[PDB]
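The chain below stands alone, shown as structure tokens; this is the form deposited in one PDB entry.
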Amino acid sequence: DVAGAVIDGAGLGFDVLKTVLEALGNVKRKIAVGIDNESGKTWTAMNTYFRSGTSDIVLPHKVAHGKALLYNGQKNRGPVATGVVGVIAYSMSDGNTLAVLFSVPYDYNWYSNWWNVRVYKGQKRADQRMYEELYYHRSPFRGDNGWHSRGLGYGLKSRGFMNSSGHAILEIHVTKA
């Protein structure tokens, strides 16, 4: 149960994600991400785009059906009042791309946690343009301590949960629709 590993999909839960958060140590803004692949396709890591922040973890390179990937991110170290915000992209064996936005801000007086999930047609790397699409145009979900579901198209659907604080857990399940 370390970031950068894959685990059995059924093993993914908030406990595993707190373990991942705990291993980052007591930094101010951090995220543990778990994505359960029940899509019937194999996923291959493409890249992570960071608007702000960093990860020392290599995306789990291959995520088979029935496995969950674990990942993390943290704010840039030092006296910078910024959070951790980015987009993960995995290529799926059907030729399309699974994209996941996460956004954990610095200042909770003014901003909140958000996430999103989308399938793109073709093989599309995560980048600033994708961040802008997922954040400003494709109806992101609040990290509001509740579950949110949506159909993804392509025979898939998503269900996920993110909490509201600056030590964020993001648990996502991708299933057949």
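Just so we're on the same page, rigid core means the largest C-alpha set that superposes within 1.5 Å between forms. Only residues modelled in both forms are compared. Start at 1 and count along the sequence shown; that's the residue number.
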Checklist outcome for this item: Entry B factor averaged over C-alpha atoms, 147-155 against 109-117: higher for 147-155
Next on the checklist: Mean CA temperature factor from the deposited coordinates, higher in 19-27 or in 163-171?
Outcome noted: 19-27
Next on the checklist: Per the entry's Cα B factor values, which of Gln74, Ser103, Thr82, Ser93 stands out as the maximum?
Outcome noted: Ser93
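The same protein also exists as the form deposited in another entry; that form is not shown, yet it is the one meant from here on.
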Checklist entry - Which residue, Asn26, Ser149, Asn145, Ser139, is displaced 2 Å or more at the Cα between the shown form and the other one after superposing the core? => result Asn26
Item to check | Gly9: Cα shift of 2 Å or greater between the shown form and the other one (core-aligned) | outcome: yes
Next on the checklist: Assuming the CA distance changes by 3 angstroms or more, are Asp8 and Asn47 closer together or farther apart in the other entry compared with the shown structure?
Outcome noted: farther
Next on the checklist: With a change of at least 3 Å, which way does the C-alpha separation between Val100 and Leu12 go in the other entry: closer or farther?
Outcome noted: farther
Next on the checklist: Core-aligned, C-alpha shift of at least 2 Å, runs of at least 3 residues: can you list them between the shown form and the other one?
Outcome noted: 2-27
